[PDB]
Each structure stands twice: as C-alpha cells, then as structure tokens.
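Naming: A, B, ... by sequence-line order, numbering from 1 per chain.
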Amino acid sequence: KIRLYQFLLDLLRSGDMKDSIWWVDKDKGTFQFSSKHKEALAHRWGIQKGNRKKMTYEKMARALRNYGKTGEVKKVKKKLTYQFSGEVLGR
DNA sequence: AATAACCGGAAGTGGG
DNA sequence: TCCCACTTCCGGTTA
Ligand code: NA
Ligand code: NA
C-alpha cells in the first residue's frame, strides 16, 4: 500500500486536486494545503487506504508529523505548509 | 466564546 | 515475536 508522502507527491504531480493542495516552491519541495478544501483530500487518502473510519485532515497531519524525525516530510513555519526531503523528491 | 492550526502520548490495526 | 506505517483517540496549546 502507498505511503502517505507518496500519495501527496503523486497528487502534486498529477494536479488532480489542485484546489486542495499545491506547490509553494516545487524546487524546494514546499507545498501547502487549502484551508477550505483540505478535508476532501484527507477523505480521499482514507478511502485509498481502505481505513475503517473516515479520514480527517487532523488525523492525516498527525501521520505527517511522524515523518519529522525520519525526514521525508517536515513542517514549515507557514500556514498549512510542509516540505518534502530531497531524497523523497528524487526517488 | 468560536474557529482554526498545530501538537504528541498512548493504544489499536495492518501486513509483514 | 515484534516492527511497519500509520490510525484512532484524547487532552491539549497558540493565535
Ligand atoms: Na485545521
Ligand atoms: Na493565525
């Protein structure tokens, strides 16, 4: 099953949910969620995963924070903004 | 207060 | 057995 960071990177590449997520500076790997439309993207993540409960942005971001230590995704000090690692961007 | 973004410990679920 | 990669729940902080 796909990993959350890859789900997000794939969305950014495909542009299929452009109103929910977008690059801030794609060269740096920085991206930002929509305040008003992030839940639709979270819902899609849960359905793609086959999870028992409805996925929420709160729970999705709880998972995102766990990447801080290993480094795949880090929180940026900007509203709803995160950053992929160079390794994630390359791989 | 109402709303929103952000936080993480702890325990549960999946598939190795 | 016991870690993976989250998920779910809860209580919380800051603006
Ligand atoms: Na929020
Ligand atoms: Na603010």
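- Ring centroid separation for the pair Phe31(A) and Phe84(A) comes in under the 6.0 Å cut-off.
- Atom-to-atom distance recorded for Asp10(A):CG and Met17(A):CE is 13.5 Å, nearest 0.5 angstrom.
- For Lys49(A) and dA5(C), the shortest distance from a side-chain N or O to OP1 or OP2 is not below 4.0 Å.
- Between the side chain of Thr81(A) and the main chain of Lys79(A), a donor-acceptor pair closer than 3.5 Å is present.
- Among the atoms of the strands shown, only primed sugar atoms or phosphate atoms (P, OP1, OP2) are found under 4.0 Å from some heavy atom of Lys78(A).
- Rounded to an integer number of Å, the gap from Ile2(A) CD1 to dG15(B) P is 16 Å.
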Can I get a per-line list of side-chain donor-acceptor pairs under 3.5 Å for residues 53-61 of chain A, giving both atom names and the distance, sequence neighbours left out?
unit_1, atom_1, unit_2, atom_2, d
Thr56(A), OG1, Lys59(A), N, 3.1
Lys59(A), NZ, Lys54(A), O, 2.8

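- Listed here is the closest heavy atom pair of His37(A) and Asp19(A): CB-O, 3.5 Å.
- Contact annotation: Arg62(A) side-chain N/O to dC7(B) OP1/OP2 distance is not under 4.0 Å.
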Dot-bracket encoding per residue of DNA chain C, Watson-Crick/G-U cut-off under 3.5 Å, | denoting interstrand | .||.|||||||||||
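- When all heavy atoms of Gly71(A) and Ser85(A) are compared, the pair lying nearest together is O-CB, 3.2 Å.
- Applying a 4.0 Å cut-off to non-hydrogen atoms, the residues of residues 51-60 of chain A that approach DNA chain C are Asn51(A), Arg52(A), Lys53(A), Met55(A), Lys59(A), listed by residue number.
- For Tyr67(A), counting side-chain heavy atoms from C-beta on, the closest listed nucleotide (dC9(C), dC6(C), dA4(B)) is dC6(C).
- Panel note: side chain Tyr67(A), backbone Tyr5(A); a donor-acceptor pair is recorded below 3.5 Å.
- Across all strands, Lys36(A) comes closer than 4.0 Å to no nucleic acid atom at all (heavy-atom distances).
- Separating the NE2 atom of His43(A) from the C1' atom of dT7(C) is a distance of 15 Å, rounded to the nearest angstrom.
- In terms of heavy atoms, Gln83(A) sits closest to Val76(A) at CB-CG2, 3.8 Å.
- At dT7(C), one or more side-chain N or O atoms of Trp45(A) fall inside 4.0 Å of OP1 or OP2 (strictly under the cut-off).
- Applying the 4.0 Å criterion to OP1 and OP2 of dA5(B), one finds that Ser35(A) has a side-chain N or O inside that range.
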